[PDB]
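Comments concern the structure below.
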Amino acid sequence: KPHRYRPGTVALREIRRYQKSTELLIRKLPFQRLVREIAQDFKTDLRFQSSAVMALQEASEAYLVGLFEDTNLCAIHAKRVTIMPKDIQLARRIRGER
Amino acid sequence: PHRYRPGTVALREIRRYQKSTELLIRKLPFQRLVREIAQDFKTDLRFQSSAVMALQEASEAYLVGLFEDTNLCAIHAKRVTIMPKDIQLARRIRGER
Amino acid sequence: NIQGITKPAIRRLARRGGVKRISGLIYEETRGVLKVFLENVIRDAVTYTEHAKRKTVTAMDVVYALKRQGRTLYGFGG
Amino acid sequence: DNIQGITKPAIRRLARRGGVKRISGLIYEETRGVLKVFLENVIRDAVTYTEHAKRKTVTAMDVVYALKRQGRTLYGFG
Amino acid sequence: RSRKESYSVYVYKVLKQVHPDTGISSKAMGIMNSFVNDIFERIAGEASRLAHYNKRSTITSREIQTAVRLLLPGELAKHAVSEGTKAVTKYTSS
Amino acid sequence: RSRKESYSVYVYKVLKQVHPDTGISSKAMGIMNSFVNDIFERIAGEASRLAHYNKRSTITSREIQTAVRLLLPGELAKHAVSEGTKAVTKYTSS
Amino acid sequence: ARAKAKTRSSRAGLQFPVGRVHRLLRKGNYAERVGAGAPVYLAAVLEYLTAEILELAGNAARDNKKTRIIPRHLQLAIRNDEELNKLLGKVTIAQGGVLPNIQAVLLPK
Amino acid sequence: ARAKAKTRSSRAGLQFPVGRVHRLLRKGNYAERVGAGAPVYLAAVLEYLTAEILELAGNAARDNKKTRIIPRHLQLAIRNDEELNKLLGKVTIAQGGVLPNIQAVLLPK
DNA sequence: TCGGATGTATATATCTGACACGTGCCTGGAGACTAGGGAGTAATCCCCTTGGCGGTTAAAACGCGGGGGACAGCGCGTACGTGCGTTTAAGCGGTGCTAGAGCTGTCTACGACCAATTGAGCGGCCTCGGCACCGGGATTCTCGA
DNA sequence: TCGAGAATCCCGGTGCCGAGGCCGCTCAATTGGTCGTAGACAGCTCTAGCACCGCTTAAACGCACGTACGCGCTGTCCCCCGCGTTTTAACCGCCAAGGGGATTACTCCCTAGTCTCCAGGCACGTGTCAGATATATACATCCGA
């Protein structure tokens, strides 16, 4: 009979793995394409330095990680362990972004 | 006896107090509290009359906003009563703790 | 003197905030939070008063102290 | 259609660093919209700085100034 | 006895153009004064930072325009830019 | 070719005093440069506003001390004030 | 012979003062030198914002059968607009109050 | 006969530069004139804060068997304190990561 | 569904004090002139950004099975809302004293500015050891009978 | 409470590229005088902040009852997690072209600083009308039979 872990074990293993490293977690080329697509709506034929895209990606990852940290607190307050769109909405409303 | 049901007078008071603009705390106790807190930083201090008014206005506005956030947390928990844990969650998300 | 902030006053503030039912342990927490906020503002106000070499605290000092913490107040000079 | 380059595994890695144990299936579409709004806000200010400087290239300093203007100071790029 | 200055005259003159039959109280006048001073400080500080960034030593209408574009949201920015451009053009024309 | 300036030498001198056998990398050195610039700008702005409030035209050590007290929390402010006072006394002794 | 004086506001077609703005810019430690069109631009922008706020406040005051304007009217005008509430989102107006708002779940069945 | 030169930092007993800080204050449009002791005071404060942060970062670096200091060590030193964490609360550090933290409700029974 | 009870909106009359407006005056803004450097434009150089091509392979996408977590429902009990009778202290008015804020006039030390002079800090080279990677074995945590 | 399996930890060796030190040199910081104003100190005038006493009444306090809301326990089902297989595109290395960022001269128009002169805006005093306040309806909303 094959070996299987119970649900939740590998999730905690990944939490421990990623809370210890410091590397980026999104793909460079798709992120660059997205930045260049967004930039077209304000000016045409723009150029980007190499370090500008790195700075943008760093800021974006930090922002999303903080947002998820607050969403988890909302979900636990509701007596749950699964996060939800309403949790994200409540966190943003209290932070004042909406 | 003409008892109103629980919750009617509370809504009436909400409607009454969201329409006026006056202060809701007593001025002499607030002044005494301000002086007592101030005496720890320096002795023999005097206050202008408008300084205490500014302090009271800021305090009331801050408390009203905090209660507004607490209500949303309590509703999110599928309740209608507010508890200290709601205030704690609101302050933690706002970043004051 | 913190006990001079009464349960009816806290109830009025909560009604203006828009709440319907209040638990019995809210009042002590509210008093503590108010005390912390007042200490934080008054410390900076007294620092401004001391720098100008005065014995009186003024509305200008209170307004500056509020502005330093992202709580700008209109209606008292500036 | 470049917002689809941000994939479900990457969103899951970000959540795992945030400390989330279970995720529902409707989170990803919401996260994409949040990111789009944030990026639009920062990039518009960066382009405004570039246009005032009369350049055709966005630099790292423009991004740093744009982030600082929004209360999001960043270290290590200039 | 030293004398103070405010924007009360100009606020009243503006109000009499949009509502010729309305008055104002002292508290409202003070609030409007605070509003004007705060917006002035915001715009001036942003223009100063721009001049420092670009290694210039003069504050000009280009700096004011960029500061307005950075600070005001949406249609307010467009209308403010139009008003400023028209005023400068009229001033130069005379 | 223009040449630029930074605080790397002074940061290195400080490091060799508290840890005589530890090095540092370039990314960390850049982070330290950003830290020093940020704190400098904060304190200078606070002192400028104080001097403007008191209707003065000079920035002095008293203004710097008050700005430090307003900006730093708790024990950090006390230690910084002591360090600054000792440095000024030693400089004025010679 | 010297020609009759003519204020800068009159030749700019404005109601806010240009000379006072110029003086405040010069004595505010913002730069080493100040150009000639900057006060005109700044005055025009300030006047436009004042006019917008005053129009909204006057409408609010007339809605509830009053002749004068009070801080309650100013607060209502500011909070009911979408861009002004974004511009002044960290500002407290004394003697202003709050907007009427009750959540849907609290109303009686 | 001009006497031998002597730096102001040497007279103050400091490692950070005083003349450069004086020039930066003069050319930053902060005030009309600058006193003589202000650069000395400011340099002393900056040196103190740098020394504190570096001591903590070096302890963090030695804790994990390294000789050099890296952004991860800087982040750990800043976040594990209480006052530096409050002073640098709205700041993002590149290549720093986060503090290990798991909620107790999520742990297995 | 309806009558009884209670709270709230509306109209009329009467007072009162704050707003809107003249009036005198004084200082700050405008008109006219001069001088010097900040910035606008043209020309040149070389760096760094963009585009293409191929190979390897790690990550992404898809399908299946099952277990546990979300959610609706029911029941019990106690905590908070509402109303009434007694007590306490805030608000208002008026007297009275002096501490300290605000302004003015003298005078002197300190910061700005300019001209010689020299050493500290930056850019450009080299070079060796701290760390990154690989492979092998040891120990630990999880899961089912 | 124990065995089997998968994952993580420890350790010895190799190799390379980035931190760390040295050299020339040029520009910014130091030293020595001179000058004019900003700020420090004393003296005086008068605002306003503090302290007290009597009284009227509106708010606070305390108690009793009951109802509705919070919270625990059960059961169902469906959705999200873990794992194996196939597919796709990200990543690295290397070539090639040229757009544009950056620096150097040259010249001129715009802004700072002075001086004279006058009108805009501030302090102050005065009268009346908008709004506050009391009383009497009239009407809308809740609650139990």
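Chain letters run A, B, ... following the sequence lines, proteins first and then strands; every chain starts at 1. Excluded from the calculations below are hydrogen atoms, water molecules and symmetry mates; all remaining heavy atoms, backbone and side chain alike, are included.
Of the side-chain N and O atoms in A/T9, one or more sit less than 4.0 angstrom from OP1 or OP2 of I/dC143. For the OP1/OP2 pair of J/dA38 and a distance below 4.0 Å, the side-chain nitrogens and oxygens of F/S57 include no atom meeting the criterion. Considering only side-chain N and O atoms, B/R3 lies nowhere under 4.0 angstrom from the phosphate OP1 or OP2 of J/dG144. Within the 4.0 Å cut-off from OP1 or OP2 of J/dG39, at least one side-chain nitrogen or oxygen of F/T58 is found. The side chain of F/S25 places no N or O atom within less than 4.0 Å of a non-bridging phosphate oxygen (OP1 or OP2) of I/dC131. Regarding contacts with the backbone of J/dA19, a side-chain N or O of F/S26 is found under 4.0 angstrom from either OP1 or OP2. Dashed line: the shortest gap from a side-chain N or O of A/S50 to OP1 or OP2 of I/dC48 is not under 4.0 Å. For the pair A/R33 and J/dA90, the criterion of a side-chain N or O lying under 4.0 Å from OP1 or OP2 is met. Between C/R12 and the phosphate of J/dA60, there is a side-chain N or O to OP1/OP2 separation shorter than 4.0 Å. Proximity of C/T56 to the phosphate of I/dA101: a side-chain N or O atom is located under 4.0 Å from OP1 or OP2. For the pair G/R23 and I/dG29, the criterion of a side-chain N or O lying under 4.0 Å from OP1 or OP2 is met. Side-chain N/O atoms of H/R8 include one lying less than 4.0 angstrom from OP1 or OP2 on J/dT30. One finds no side-chain N or O of B/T81 lying less than 4.0 angstrom from the OP1 or OP2 phosphate oxygen of J/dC69.
Mapping A/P7 and C/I22 onto DNA chain I by nearest heavy atom places A/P7 closer to the 5' end of the strand. Map C/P8 and B/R46 each onto its nearest nucleotide of DNA chain J; the residue landing nearer the 5' end is B/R46. Between C/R21 and D/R55, the residue whose closest nucleotide on DNA chain J is further toward the 5' end is C/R21. Between B/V9 and A/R6, the residue anchored nearer the 5' end of DNA chain I, judged by the nucleotide with its closest heavy atom, is B/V9.
Classified by interplanar angle (parallel below 30°, tilted 30° to 60°, perpendicular above 60°), the ring pair F/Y10/H/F16 is tilted.
When rounded to the nearest whole Å, the span between CZ of A/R16 and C1' of J/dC9 equals 15 Å. Spacing between atom CG of A/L12 and atom P of J/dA7 amounts to 16 Å, rounded to whole angstrom units. The interatomic distance linking A/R4 (CZ) with J/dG82 (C1') rounds to 5 Å, in whole Å. Remark: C1' of I/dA70 and NZ of D/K21 are 15 Å apart, rounded to the nearest angstrom. Rounded to an integer number of Å, the gap from D/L26 CG to I/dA70 P is 15 Å. One interatomic measurement links the two molecules: NZ of H/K65 to P of J/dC11, which rounds to 11 Å at whole-angstrom precision. Going from atom CD1 of G/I70 over to atom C1' of I/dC19 covers 15 Å, rounded to whole Å. The separation between A/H3 atom NE2 and I/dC141 atom P is 15 Å, rounded to whole Å.
Residue H/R11 is in sugar-phosphate contact alone, with no base atom involved, counting any heavy-atom pair closer than 4.0 Å across all strands shown. Residue contacts for C/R11: at a heavy-atom cut-off of 4.0 Å it reaches the sugar-phosphate backbone alone, with no base atom in range. Among the atoms of the strands shown, none is found under 4.0 Å from any heavy atom of D/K8. When heavy atoms are screened at a 4.0 angstrom cut-off, B/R35 is found touching the sugar-phosphate backbone but no base atom. Using a 4.0 Å heavy-atom cutoff across all strands shown, A/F31 reaches no nucleic acid atom at all. Residue contacts for A/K1: at a heavy-atom cut-off of 4.0 Å it reaches no nucleic acid atom on any strand shown.
If you take atom P in J/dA7 and the same atom in J/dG84, they sit 10 Å apart, rounded to whole Å. When the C1' atom is used for both J/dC53 and J/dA132, the distance is 31 Å, rounded to whole Å.
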Salt bridge (charged side-chain N to carboxylate O under 4.0 Å, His left out) assessment of G/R23 paired with E/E5: CA-CA 13 Å; G/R23 190 238 307 165; E/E5 65 180 7; 3.3 Å; yes

Working for side-chain contact (heavy atoms from CB on, under 4.5 Å), residues F/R62 and F/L50: CA-CA 10 Å; F/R62 229 164 75 96; F/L50 267 166; over 6 Å; no

CA sep, side-chain torsions, deciding dist, call: G/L106, B/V80, side-chain contact (heavy atoms from CB on, under 4.5 Å): CA-CA 7 Å; G/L106 305 182; B/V80 302; 4.2 Å; yes

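Each end of the helix from I/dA89-J/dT57 to I/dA145-J/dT1 gets its own axis, taken as the rotation carrying the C1' atoms of four end pairs onto the next four within a five-pair window, and the two axes meet at 150° to the nearest 10 degrees.
Of the candidate nucleotides J/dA7, J/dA19, I/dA101, J/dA7 has the atom lying nearest to any side-chain atom of A/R13. Of all nucleotides listed (I/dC131, J/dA90, I/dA60), I/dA60 comes nearest to the side chain of D/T7. Side-chain atoms of A/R27 lie closest to I/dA60 of the nucleotides J/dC83, I/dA60, I/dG31.
In this model, no donor atom of one side chain and acceptor atom of the other lie less than 3.5 Å apart for F/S6 and F/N33.
By the neighbour-count criterion of 12 heavy atoms within 6.0 Å, atom NE2 of E/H52 is sparsely surrounded, having that number or fewer from other residues, nucleotides or ligands. Summarising the local packing, CG of D/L26 is surrounded by 12 or fewer heavy atoms from other residues, nucleotides or ligands at distances under 6.0 Å.
Taking the centre and axis of the six-membered ring of B/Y4, the NZ or CZ atom of B/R12 falls inside the cone set by 45° and 6.0 Å.
One finds the OG1 atom of D/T57 at 8.0 Å from the CG atom of A/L46 (value rounded to the nearest 0.5 Å). Remark: G/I69 CD1 to E/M29 CE distance equals 9.0 Å, nearest 0.5 Å.
Side-chain atoms of F/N54 do not come within 3.5 Å of backbone N or O of F/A51 as any donor-acceptor pair. At distances below 3.5 Å, at least one donor-acceptor pair connects side-chain atoms of F/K16 with backbone N or O atoms of F/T22.
A 4.5 Å side-chain heavy-atom check between C/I26 and B/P84 finds at least one atom pair inside the cut-off.
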Annotated protein contacts, base or backbone, on nucleotides 112-127 of chain I with a non-hydrogen cut-off under 4.0 Å, one of B, S, - each: S---BS-S-SSSS---

